[PDB]
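Engineer: Have a peek at query.cif (mmCIF, C-alpha atoms and all ligand atoms).
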```
data_run
loop_
_atom_site.label_atom_id
_atom_site.label_comp_id
_atom_site.auth_asym_id
_atom_site.auth_seq_id
_atom_site.Cartn_x
_atom_site.Cartn_y
_atom_site.Cartn_z
CA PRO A 1 0.00 0.00 0.00
CA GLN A 2 0.78 3.71 0.26
CA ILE A 3 1.17 5.47 3.61
CA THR A 4 1.03 9.24 3.79
CA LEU A 5 2.96 10.99 6.56
CA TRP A 6 0.40 13.39 8.01
CA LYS A 7 0.47 11.14 11.07
CA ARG A 8 3.01 8.71 12.46
CA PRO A 9 3.36 5.67 10.13
CA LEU A 10 2.28 3.11 12.72
CA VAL A 11 1.51 -0.46 11.66
CA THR A 12 0.81 -3.77 13.38
CA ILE A 13 3.65 -6.26 13.51
CA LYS A 14 3.83 -9.88 14.63
CA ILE A 15 6.96 -11.00 16.47
CA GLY A 16 7.66 -13.75 18.99
CA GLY A 17 4.03 -14.79 18.73
CA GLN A 18 2.81 -11.35 19.82
CA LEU A 19 1.15 -8.43 18.04
CA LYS A 20 2.66 -4.98 18.58
CA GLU A 21 2.48 -1.53 17.01
CA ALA A 22 5.62 -0.06 15.44
CA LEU A 23 6.71 2.87 13.29
CA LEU A 24 7.97 2.38 9.74
CA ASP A 25 11.16 4.41 10.23
CA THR A 26 13.47 5.25 7.31
CA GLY A 27 15.82 7.06 9.72
CA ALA A 28 16.41 3.87 11.72
CA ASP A 29 19.30 1.70 10.52
CA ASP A 30 18.15 -1.10 12.83
CA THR A 31 14.86 -2.33 14.29
CA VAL A 32 14.35 -1.48 17.95
CA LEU A 33 11.46 -2.86 19.98
CA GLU A 34 10.05 -2.48 23.48
CA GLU A 35 11.15 -4.84 26.23
CA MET A 36 10.01 -8.36 25.43
CA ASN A 37 11.37 -11.65 26.74
CA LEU A 38 12.25 -13.37 23.48
CA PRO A 39 13.79 -16.85 23.71
CA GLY A 40 17.31 -17.70 22.68
CA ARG A 41 20.73 -16.12 22.90
CA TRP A 42 21.47 -12.43 22.41
CA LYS A 43 24.43 -10.02 22.40
CA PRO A 44 24.63 -6.69 24.26
CA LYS A 45 24.60 -3.52 22.17
CA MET A 46 24.23 0.24 22.54
CA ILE A 47 22.38 2.38 20.00
CA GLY A 48 22.35 6.17 19.89
CA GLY A 49 20.00 8.86 18.73
CA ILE A 50 18.78 12.22 19.91
CA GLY A 51 19.51 12.45 23.60
CA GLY A 52 22.18 9.77 23.67
CA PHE A 53 22.48 5.98 23.81
CA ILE A 54 20.42 3.17 25.28
CA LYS A 55 21.37 -0.41 26.10
CA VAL A 56 19.60 -3.09 24.06
CA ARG A 57 19.73 -6.84 23.54
CA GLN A 58 20.50 -7.92 19.97
CA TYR A 59 18.59 -10.97 18.69
CA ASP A 60 19.44 -12.34 15.25
CA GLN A 61 17.40 -14.22 12.65
CA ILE A 62 14.07 -13.17 14.16
CA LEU A 63 10.89 -13.58 12.11
CA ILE A 64 8.67 -10.50 11.96
CA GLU A 65 5.51 -9.92 9.94
CA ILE A 66 4.76 -6.30 8.98
CA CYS A 67 1.37 -5.62 7.39
CA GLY A 68 1.21 -9.18 6.13
CA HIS A 69 4.75 -9.03 4.71
CA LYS A 70 7.22 -11.44 6.26
CA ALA A 71 10.80 -10.53 7.10
CA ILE A 72 13.64 -12.11 9.04
CA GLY A 73 16.49 -10.22 10.60
CA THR A 74 18.06 -8.62 13.61
CA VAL A 75 15.86 -7.05 16.27
CA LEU A 76 17.13 -4.93 19.16
CA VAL A 77 15.15 -5.14 22.40
CA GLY A 78 15.33 -2.62 25.21
CA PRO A 79 13.83 0.41 26.94
CA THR A 80 13.02 2.29 23.76
CA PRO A 81 10.24 4.90 24.03
CA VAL A 82 8.90 3.78 20.64
CA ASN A 83 9.00 0.62 18.56
CA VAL A 84 10.62 1.28 15.19
CA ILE A 85 10.96 -0.90 12.11
CA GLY A 86 14.32 0.03 10.60
CA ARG A 87 15.85 -0.27 7.17
CA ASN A 88 17.24 -3.76 7.83
CA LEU A 89 13.63 -5.00 7.65
CA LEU A 90 11.98 -2.28 5.53
CA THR A 91 14.12 -3.31 2.57
CA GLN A 92 12.87 -6.86 2.97
CA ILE A 93 9.25 -5.81 2.55
CA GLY A 94 10.04 -3.69 -0.51
CA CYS A 95 9.43 -0.34 1.16
CA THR A 96 10.44 2.82 -0.70
CA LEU A 97 10.12 6.56 -0.23
CA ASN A 98 8.38 8.30 -3.11
CA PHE A 99 7.87 11.95 -4.03
CA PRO O 1 12.08 10.01 -7.19
CA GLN O 2 11.61 6.52 -5.77
CA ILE O 3 14.20 5.84 -3.05
CA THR O 4 15.06 2.36 -1.80
CA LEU O 5 16.38 1.76 1.70
CA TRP O 6 19.44 -0.47 1.28
CA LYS O 7 21.47 2.66 2.07
CA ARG O 8 20.56 5.60 4.28
CA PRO O 9 18.09 7.89 2.41
CA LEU O 10 20.42 10.88 2.38
CA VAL O 11 19.65 13.83 0.12
CA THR O 12 21.01 17.31 -0.49
CA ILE O 13 19.08 20.21 1.01
CA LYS O 14 19.40 23.99 0.70
CA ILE O 15 18.67 26.14 3.76
CA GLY O 16 19.72 29.69 4.51
CA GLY O 17 21.35 29.60 1.09
CA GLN O 18 23.71 26.78 2.10
CA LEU O 19 23.80 23.21 0.83
CA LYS O 20 23.81 20.37 3.37
CA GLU O 21 23.15 16.63 3.44
CA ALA O 22 20.18 15.30 5.40
CA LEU O 23 18.32 12.05 6.11
CA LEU O 24 14.70 11.53 5.11
CA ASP O 25 13.37 10.20 8.43
CA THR O 26 9.79 8.99 8.58
CA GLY O 27 10.22 8.30 12.31
CA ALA O 28 10.88 11.97 13.06
CA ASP O 29 7.87 14.21 13.66
CA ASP O 30 10.03 17.31 13.25
CA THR O 31 13.05 18.43 11.24
CA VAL O 32 16.27 18.69 13.27
CA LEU O 33 19.57 19.99 11.92
CA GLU O 34 23.01 20.12 13.48
CA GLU O 35 24.32 23.39 14.89
CA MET O 36 24.34 26.12 12.25
CA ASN O 37 23.72 29.83 11.79
CA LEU O 38 20.22 30.73 10.54
CA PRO O 39 18.94 34.31 10.23
CA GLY O 40 15.92 35.54 12.13
CA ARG O 41 14.29 35.05 15.49
CA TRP O 42 14.20 31.70 17.27
CA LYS O 43 12.62 30.28 20.42
CA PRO O 44 14.09 27.64 22.77
CA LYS O 45 12.42 24.23 22.60
CA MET O 46 12.96 20.74 23.99
CA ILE O 47 12.67 17.62 21.85
CA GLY O 48 12.86 13.96 22.85
CA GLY O 49 14.52 11.06 21.07
CA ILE O 50 15.58 7.51 21.75
CA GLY O 51 18.09 8.55 24.41
CA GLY O 52 16.27 11.41 26.16
CA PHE O 53 15.63 15.10 25.54
CA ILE O 54 17.78 17.86 24.04
CA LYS O 55 17.50 21.65 23.79
CA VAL O 56 17.06 23.11 20.30
CA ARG O 57 16.45 26.48 18.65
CA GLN O 58 13.09 26.56 16.88
CA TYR O 59 13.00 28.50 13.60
CA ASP O 60 9.55 28.92 12.09
CA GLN O 61 8.52 29.41 8.46
CA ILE O 62 12.01 28.69 7.12
CA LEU O 63 12.52 28.12 3.41
CA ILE O 64 14.18 24.77 2.69
CA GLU O 65 14.64 22.88 -0.58
CA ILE O 66 14.83 19.10 -0.27
CA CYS O 67 16.09 17.14 -3.27
CA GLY O 68 14.71 19.79 -5.61
CA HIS O 69 11.37 20.26 -3.81
CA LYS O 70 10.56 23.41 -1.87
CA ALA O 71 9.24 23.49 1.67
CA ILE O 72 8.56 26.31 4.10
CA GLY O 73 8.26 25.19 7.70
CA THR O 74 9.68 24.69 11.15
CA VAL O 75 13.35 23.72 11.47
CA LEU O 76 14.91 22.76 14.80
CA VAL O 77 18.65 23.37 15.25
CA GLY O 78 20.70 21.67 17.95
CA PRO O 79 22.84 18.67 18.96
CA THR O 80 21.22 15.98 16.84
CA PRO O 81 23.56 13.16 15.77
CA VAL O 82 22.64 13.80 12.11
CA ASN O 83 20.55 16.20 10.02
CA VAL O 84 17.06 14.73 9.68
CA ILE O 85 14.09 15.77 7.56
CA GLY O 86 10.96 14.91 9.55
CA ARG O 87 7.32 14.51 8.64
CA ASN O 88 6.48 18.21 8.97
CA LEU O 89 8.48 18.76 5.75
CA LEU O 90 8.18 15.29 4.16
CA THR O 91 4.45 15.97 3.83
CA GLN O 92 5.18 19.28 2.12
CA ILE O 93 7.21 17.63 -0.65
CA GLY O 94 4.58 14.95 -1.21
CA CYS O 95 6.61 12.10 0.26
CA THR O 96 4.91 8.76 0.99
CA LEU O 97 5.95 5.27 2.04
CA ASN O 98 5.09 2.53 -0.43
CA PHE O 99 5.39 -1.24 -0.39
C1 LIG I 101 6.81 8.00 24.17
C2 LIG I 101 7.56 9.00 23.30
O1 LIG I 101 8.87 9.13 23.83
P1 LIG I 101 9.84 10.41 23.41
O2 LIG I 101 9.03 11.55 22.99
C3 LIG I 101 10.91 9.83 21.99
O3 LIG I 101 10.07 9.07 21.13
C4 LIG I 101 10.70 8.69 19.92
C5 LIG I 101 12.16 8.23 19.94
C6 LIG I 101 12.85 7.81 18.63
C7 LIG I 101 12.05 7.87 17.32
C8 LIG I 101 12.77 7.46 15.99
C9 LIG I 101 13.80 8.54 15.72
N1 LIG I 101 13.11 9.81 15.69
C10 LIG I 101 13.54 11.02 16.39
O4 LIG I 101 14.53 11.09 17.05
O5 LIG I 101 12.66 12.10 16.16
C11 LIG I 101 12.80 13.31 16.99
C12 LIG I 101 12.74 14.38 16.18
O6 LIG I 101 11.18 14.45 15.81
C13 LIG I 101 10.52 14.13 16.94
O7 LIG I 101 9.56 13.28 16.70
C14 LIG I 101 9.99 11.87 17.27
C15 LIG I 101 10.92 12.11 18.20
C16 LIG I 101 11.55 13.41 17.87
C17 LIG I 101 14.41 8.34 14.34
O8 LIG I 101 13.44 8.08 13.42
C18 LIG I 101 15.33 7.10 14.37
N2 LIG I 101 16.50 7.43 15.23
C19 LIG I 101 17.81 7.74 14.60
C20 LIG I 101 17.85 9.20 14.06
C21 LIG I 101 17.99 10.20 15.21
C22 LIG I 101 17.25 11.51 14.84
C23 LIG I 101 19.05 9.32 13.06
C24 LIG I 101 20.42 9.04 13.73
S1 LIG I 101 16.57 6.50 16.70
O9 LIG I 101 15.25 6.13 17.24
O10 LIG I 101 17.34 7.21 17.72
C25 LIG I 101 17.41 4.99 16.14
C26 LIG I 101 16.59 3.87 15.57
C27 LIG I 101 17.34 2.65 15.09
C28 LIG I 101 18.89 2.63 15.19
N3 LIG I 101 19.94 1.53 14.79
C29 LIG I 101 21.26 2.01 15.09
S2 LIG I 101 21.15 3.42 15.72
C30 LIG I 101 19.66 3.73 15.73
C31 LIG I 101 18.91 4.98 16.23
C32 LIG I 101 10.59 8.34 17.30
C33 LIG I 101 9.91 8.76 18.61
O11 LIG I 101 10.73 10.82 24.75
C34 LIG I 101 12.12 10.74 24.77
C35 LIG I 101 12.58 9.62 25.72
#
```
Take the structure from the file and write it as structure tokens.

Structural biologist:
Amino acid sequence: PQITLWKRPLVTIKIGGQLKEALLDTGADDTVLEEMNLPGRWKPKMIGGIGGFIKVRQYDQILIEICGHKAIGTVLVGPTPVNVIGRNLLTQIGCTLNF
Amino acid sequence: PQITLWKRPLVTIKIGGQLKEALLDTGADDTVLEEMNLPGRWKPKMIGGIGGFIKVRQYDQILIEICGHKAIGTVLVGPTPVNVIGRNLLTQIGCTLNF
């Protein structure tokens, strides 16, 4: 579909057997999601933006479904104020910017 | 244009008569540029990102050309990690997400 940007581009995602809401975020290199206790191993990581850095857990090869489109990639989990779908997954669903 | 997301969606902008590079950021409500000199009045504002809040200078009704497309709107100037074009101006240039 086509999503205009008058409001935040929020969509429903499915991850770890749960449904969440997340922003389609072209300014996010990586995908960063609210605290959730996903199974399996992870690696510590720090990601930075406006205001500084936060500590997150990096999970690899995670299946996510975004508006019915399936993707598989790295997800960062931690105390983020907003769930964002980053370019690592947006490319996999064929998302482009158009003007 | 149609812009894929395998790389960062960086474009050239013109503001205050100066060329800069900025990131088309659908996750940003507002447009935030690194420290620079802009003519005219400004008001202090606070904005919040992934790591907390920062202080910025709010410039209203500023002319800015983004990848050949003109906008006139609010530009925030302060210690952002990178120049970002947010939805307040992405809407002005007719930018949508598509997949
Ligand atoms: C409950 C609400 O909490 P909140 O208000 C903050 O909420 C939000 C927090 C973050 C966002 C998304 C964030 N937008 C943002 O900063 O936008 C500012 C300006 O416009 C305003 O609108 C929204 C906030 C204000 C960017 O799209 C993406 N970011 C990187 C960019 C930084 C500008 C480029 C470097 S990233 O997230 O830092 C990030 C993501 C993946 C990644 N992989 C490796 S690094 C790395 C860094 C949206 C809402 O309170 C504060 C605690």

Engineer: Return the single residue from A:73, A:94, A:78, A:39 that is closest to chain O, with distances computed using all atoms listed in the file.

Structural biologist: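 Of A:73, A:94, A:78, A:39, the one nearest chain O, counting all atoms listed in the file, is A:94.
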
Engineer: Residues at most 7 Å from ligand LIG 101 (chain I), using only C-alpha atoms and all ligand atoms? Could they come as a short mmCIF file (atom, residue, chain, number, x, y, z; two decimals) with C-alpha atoms, keeping the file's coordinate frame?

Structural biologist:
```cif
data_model
loop_
_atom_site.label_atom_id
_atom_site.label_comp_id
_atom_site.auth_asym_id
_atom_site.auth_seq_id
_atom_site.Cartn_x
_atom_site.Cartn_y
_atom_site.Cartn_z
CA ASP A 25 11.16 4.41 10.23
CA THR A 26 13.47 5.25 7.31
CA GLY A 27 15.82 7.06 9.72
CA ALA A 28 16.41 3.87 11.72
CA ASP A 29 19.30 1.70 10.52
CA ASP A 30 18.15 -1.10 12.83
CA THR A 31 14.86 -2.33 14.29
CA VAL A 32 14.35 -1.48 17.95
CA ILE A 47 22.38 2.38 20.00
CA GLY A 48 22.35 6.17 19.89
CA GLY A 49 20.00 8.86 18.73
CA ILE A 50 18.78 12.22 19.91
CA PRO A 81 10.24 4.90 24.03
CA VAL A 82 8.90 3.78 20.64
CA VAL A 84 10.62 1.28 15.19
CA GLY A 86 14.32 0.03 10.60
CA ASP O 25 13.37 10.20 8.43
CA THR O 26 9.79 8.99 8.58
CA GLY O 27 10.22 8.30 12.31
CA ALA O 28 10.88 11.97 13.06
CA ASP O 29 7.87 14.21 13.66
CA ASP O 30 10.03 17.31 13.25
CA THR O 31 13.05 18.43 11.24
CA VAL O 32 16.27 18.69 13.27
CA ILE O 47 12.67 17.62 21.85
CA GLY O 48 12.86 13.96 22.85
CA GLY O 49 14.52 11.06 21.07
CA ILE O 50 15.58 7.51 21.75
CA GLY O 51 18.09 8.55 24.41
CA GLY O 52 16.27 11.41 26.16
CA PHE O 53 15.63 15.10 25.54
CA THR O 80 21.22 15.98 16.84
CA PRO O 81 23.56 13.16 15.77
CA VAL O 82 22.64 13.80 12.11
CA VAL O 84 17.06 14.73 9.68
CA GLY O 86 10.96 14.91 9.55
#
```

Engineer: Which residue, A:54, A:85, A:35, A:66, has the smallest gap to chain O when you use all atoms listed in the file?

Structural biologist: A:54

Engineer: Using all atoms listed in the file, determine which residues lie at most 8 Å from residue 13 (chain O), disregarding the query and same-chain residues fewer than 5 positions distant; provide the list as an MDAnalysis selection string.

Structural biologist: chainID O and resid 19:22 64:68

Engineer: After a least-squares superposition on chain O over all sequentially paired C-alpha atoms, what is chain A as a PDB file with C-alpha atoms, in the frame of the given file?

Structural biologist:
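Saved file part17.pdb follows:
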```
ATOM      1  CA  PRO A   1      11.840   9.597  -7.503  1.00  0.00           C
ATOM      2  CA  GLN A   2      11.953   6.325  -5.574  1.00  0.00           C
ATOM      3  CA  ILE A   3      14.448   5.711  -2.768  1.00  0.00           C
ATOM      4  CA  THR A   4      15.096   2.194  -1.553  1.00  0.00           C
ATOM      5  CA  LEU A   5      16.163   1.698   2.063  1.00  0.00           C
ATOM      6  CA  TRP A   6      19.172  -0.598   1.766  1.00  0.00           C
ATOM      7  CA  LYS A   7      21.202   2.416   2.873  1.00  0.00           C
ATOM      8  CA  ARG A   8      20.361   5.560   4.796  1.00  0.00           C
ATOM      9  CA  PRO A   9      18.026   7.806   2.724  1.00  0.00           C
ATOM     10  CA  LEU A  10      20.399  10.768   2.599  1.00  0.00           C
ATOM     11  CA  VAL A  11      19.687  13.679   0.257  1.00  0.00           C
ATOM     12  CA  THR A  12      21.072  17.163  -0.332  1.00  0.00           C
ATOM     13  CA  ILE A  13      19.075  20.052   1.064  1.00  0.00           C
ATOM     14  CA  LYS A  14      19.406  23.812   0.683  1.00  0.00           C
ATOM     15  CA  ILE A  15      18.677  25.961   3.731  1.00  0.00           C
ATOM     16  CA  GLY A  16      19.837  29.402   4.834  1.00  0.00           C
ATOM     17  CA  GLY A  17      21.846  29.651   1.635  1.00  0.00           C
ATOM     18  CA  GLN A  18      23.840  26.514   2.466  1.00  0.00           C
ATOM     19  CA  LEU A  19      23.876  22.955   1.131  1.00  0.00           C
ATOM     20  CA  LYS A  20      23.706  20.139   3.684  1.00  0.00           C
ATOM     21  CA  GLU A  21      23.014  16.409   3.748  1.00  0.00           C
ATOM     22  CA  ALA A  22      19.975  15.137   5.654  1.00  0.00           C
ATOM     23  CA  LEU A  23      17.971  11.956   6.162  1.00  0.00           C
ATOM     24  CA  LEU A  24      14.411  11.614   4.882  1.00  0.00           C
ATOM     25  CA  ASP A  25      12.969  10.422   8.204  1.00  0.00           C
ATOM     26  CA  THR A  26       9.365   9.201   8.502  1.00  0.00           C
ATOM     27  CA  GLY A  27       9.896   8.621  12.242  1.00  0.00           C
ATOM     28  CA  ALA A  28      10.682  12.305  12.819  1.00  0.00           C
ATOM     29  CA  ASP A  29       7.678  14.517  13.581  1.00  0.00           C
ATOM     30  CA  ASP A  30       9.857  17.611  13.163  1.00  0.00           C
ATOM     31  CA  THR A  31      12.934  18.599  11.158  1.00  0.00           C
ATOM     32  CA  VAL A  32      16.138  18.769  13.179  1.00  0.00           C
ATOM     33  CA  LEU A  33      19.377  20.134  11.756  1.00  0.00           C
ATOM     34  CA  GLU A  34      22.982  20.537  12.860  1.00  0.00           C
ATOM     35  CA  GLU A  35      24.105  23.750  14.520  1.00  0.00           C
ATOM     36  CA  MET A  36      23.833  26.623  12.070  1.00  0.00           C
ATOM     37  CA  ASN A  37      23.590  30.340  12.788  1.00  0.00           C
ATOM     38  CA  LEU A  38      20.356  31.171  10.996  1.00  0.00           C
ATOM     39  CA  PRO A  39      19.156  34.786  11.159  1.00  0.00           C
ATOM     40  CA  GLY A  40      16.026  35.919  12.917  1.00  0.00           C
ATOM     41  CA  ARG A  41      14.181  35.113  16.109  1.00  0.00           C
ATOM     42  CA  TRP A  42      13.748  31.635  17.565  1.00  0.00           C
ATOM     43  CA  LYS A  43      12.116  29.898  20.547  1.00  0.00           C
ATOM     44  CA  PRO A  44      13.774  27.343  22.850  1.00  0.00           C
ATOM     45  CA  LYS A  45      12.559  23.752  22.634  1.00  0.00           C
ATOM     46  CA  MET A  46      13.498  20.258  23.783  1.00  0.00           C
ATOM     47  CA  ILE A  47      12.990  17.178  21.613  1.00  0.00           C
ATOM     48  CA  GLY A  48      13.350  13.577  22.748  1.00  0.00           C
ATOM     49  CA  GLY A  49      14.273  10.290  21.184  1.00  0.00           C
ATOM     50  CA  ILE A  50      16.326   7.254  22.041  1.00  0.00           C
ATOM     51  CA  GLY A  51      18.690   8.238  24.806  1.00  0.00           C
ATOM     52  CA  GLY A  52      16.735  11.258  25.978  1.00  0.00           C
ATOM     53  CA  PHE A  53      16.226  14.915  25.063  1.00  0.00           C
ATOM     54  CA  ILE A  54      18.347  17.612  23.474  1.00  0.00           C
ATOM     55  CA  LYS A  55      17.962  21.386  23.507  1.00  0.00           C
ATOM     56  CA  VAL A  56      17.244  22.996  20.135  1.00  0.00           C
ATOM     57  CA  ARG A  57      16.346  26.394  18.722  1.00  0.00           C
ATOM     58  CA  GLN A  58      13.018  26.514  16.874  1.00  0.00           C
ATOM     59  CA  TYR A  59      12.926  28.667  13.721  1.00  0.00           C
ATOM     60  CA  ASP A  60       9.614  29.111  11.914  1.00  0.00           C
ATOM     61  CA  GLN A  61       8.732  29.758   8.273  1.00  0.00           C
ATOM     62  CA  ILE A  62      12.128  28.610   7.001  1.00  0.00           C
ATOM     63  CA  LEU A  63      12.559  27.830   3.301  1.00  0.00           C
ATOM     64  CA  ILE A  64      14.210  24.492   2.547  1.00  0.00           C
ATOM     65  CA  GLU A  65      14.761  22.793  -0.801  1.00  0.00           C
ATOM     66  CA  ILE A  66      14.916  18.977  -0.754  1.00  0.00           C
ATOM     67  CA  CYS A  67      15.953  17.268  -3.992  1.00  0.00           C
ATOM     68  CA  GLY A  68      14.699  20.221  -5.991  1.00  0.00           C
ATOM     69  CA  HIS A  69      11.371  20.305  -4.123  1.00  0.00           C
ATOM     70  CA  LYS A  70      10.699  23.463  -2.153  1.00  0.00           C
ATOM     71  CA  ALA A  71       9.149  23.495   1.303  1.00  0.00           C
ATOM     72  CA  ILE A  72       8.629  26.053   4.044  1.00  0.00           C
ATOM     73  CA  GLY A  73       8.203  25.241   7.689  1.00  0.00           C
ATOM     74  CA  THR A  74       9.666  24.891  11.128  1.00  0.00           C
ATOM     75  CA  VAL A  75      13.272  23.790  11.536  1.00  0.00           C
ATOM     76  CA  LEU A  76      14.893  22.862  14.848  1.00  0.00           C
ATOM     77  CA  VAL A  77      18.600  23.642  15.185  1.00  0.00           C
ATOM     78  CA  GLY A  78      20.903  22.120  17.765  1.00  0.00           C
ATOM     79  CA  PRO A  79      23.517  19.503  18.626  1.00  0.00           C
ATOM     80  CA  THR A  80      21.828  16.668  16.778  1.00  0.00           C
ATOM     81  CA  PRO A  81      24.105  13.793  15.698  1.00  0.00           C
ATOM     82  CA  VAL A  82      22.259  13.623  12.365  1.00  0.00           C
ATOM     83  CA  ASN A  83      20.261  16.009  10.213  1.00  0.00           C
ATOM     84  CA  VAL A  84      16.736  14.704   9.676  1.00  0.00           C
ATOM     85  CA  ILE A  85      13.933  15.922   7.437  1.00  0.00           C
ATOM     86  CA  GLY A  86      10.739  15.215   9.369  1.00  0.00           C
ATOM     87  CA  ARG A  87       7.118  14.778   8.421  1.00  0.00           C
ATOM     88  CA  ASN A  88       6.340  18.500   8.719  1.00  0.00           C
ATOM     89  CA  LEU A  89       8.375  18.965   5.518  1.00  0.00           C
ATOM     90  CA  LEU A  90       8.123  15.497   3.929  1.00  0.00           C
ATOM     91  CA  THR A  91       4.388  15.992   3.475  1.00  0.00           C
ATOM     92  CA  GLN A  92       5.095  19.221   1.630  1.00  0.00           C
ATOM     93  CA  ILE A  93       7.209  17.461  -0.980  1.00  0.00           C
ATOM     94  CA  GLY A  94       4.615  14.724  -1.487  1.00  0.00           C
ATOM     95  CA  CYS A  95       6.649  11.949   0.108  1.00  0.00           C
ATOM     96  CA  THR A  96       4.943   8.621   0.799  1.00  0.00           C
ATOM     97  CA  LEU A  97       5.923   5.183   2.037  1.00  0.00           C
ATOM     98  CA  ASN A  98       5.042   2.400  -0.377  1.00  0.00           C
ATOM     99  CA  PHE A  99       5.077  -1.389  -0.117  1.00  0.00           C
TER     100      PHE A  99
END
```

Engineer: Smallest atom-to-atom distance to chain A: which of O:44, O:56, O:74, O:15, using only C-alpha atoms?

Structural biologist: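 With only C-alpha atoms as the atom set, the closest residue is O:56.
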
Engineer: Can you measure CA of residue 58 (chain A) to CA of residue 24 (chain A) for me? One decimal in Å is fine.

Structural biologist: 19.2 Å

Engineer: For CA of residue 34 (chain O) and CA of residue 46 (chain A), determine how far apart the two atoms are, in Å to one decimal place.

Structural biologist: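 So the answer is 21.9 Å.
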
Engineer: Find the residue from A:70, A:23, A:11, A:55 that sits nearest to chain O; use all atoms listed in the file when measuring.

Structural biologist: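 Closest candidate: A:23.
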
Engineer: Mind checking which residues fall within 10 Å of residue 92 (chain O), counting all atoms listed in the file, ignoring those fewer than 4 positions away in the same chain, and posting them as a ChimeraX atom specification?

Structural biologist: /A:5-6,99 /O:66,69-73,87-88

Engineer: Extract region 27-59 of chain A from the coordinates I pasted, and write it as a CSV table (one decimal), in the first residue's frame (atoms kept: C-alpha atoms).

Structural biologist:
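After the write, decode15.csv holds the following:
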```
chain,number,residue,atom,x,y,z
A,27,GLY,CA,15.8,7.1,9.7
A,28,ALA,CA,16.4,3.9,11.7
A,29,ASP,CA,19.3,1.7,10.5
A,30,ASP,CA,18.1,-1.1,12.8
A,31,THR,CA,14.9,-2.3,14.3
A,32,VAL,CA,14.4,-1.5,18.0
A,33,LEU,CA,11.5,-2.9,20.0
A,34,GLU,CA,10.0,-2.5,23.5
A,35,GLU,CA,11.1,-4.8,26.2
A,36,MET,CA,10.0,-8.4,25.4
A,37,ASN,CA,11.4,-11.7,26.7
A,38,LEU,CA,12.2,-13.4,23.5
A,39,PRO,CA,13.8,-16.9,23.7
A,40,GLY,CA,17.3,-17.7,22.7
A,41,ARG,CA,20.7,-16.1,22.9
A,42,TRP,CA,21.5,-12.4,22.4
A,43,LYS,CA,24.4,-10.0,22.4
A,44,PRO,CA,24.6,-6.7,24.3
A,45,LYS,CA,24.6,-3.5,22.2
A,46,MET,CA,24.2,0.2,22.5
A,47,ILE,CA,22.4,2.4,20.0
A,48,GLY,CA,22.4,6.2,19.9
A,49,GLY,CA,20.0,8.9,18.7
A,50,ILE,CA,18.8,12.2,19.9
A,51,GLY,CA,19.5,12.5,23.6
A,52,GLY,CA,22.2,9.8,23.7
A,53,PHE,CA,22.5,6.0,23.8
A,54,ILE,CA,20.4,3.2,25.3
A,55,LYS,CA,21.4,-0.4,26.1
A,56,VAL,CA,19.6,-3.1,24.1
A,57,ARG,CA,19.7,-6.8,23.5
A,58,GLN,CA,20.5,-7.9,20.0
A,59,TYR,CA,18.6,-11.0,18.7
```
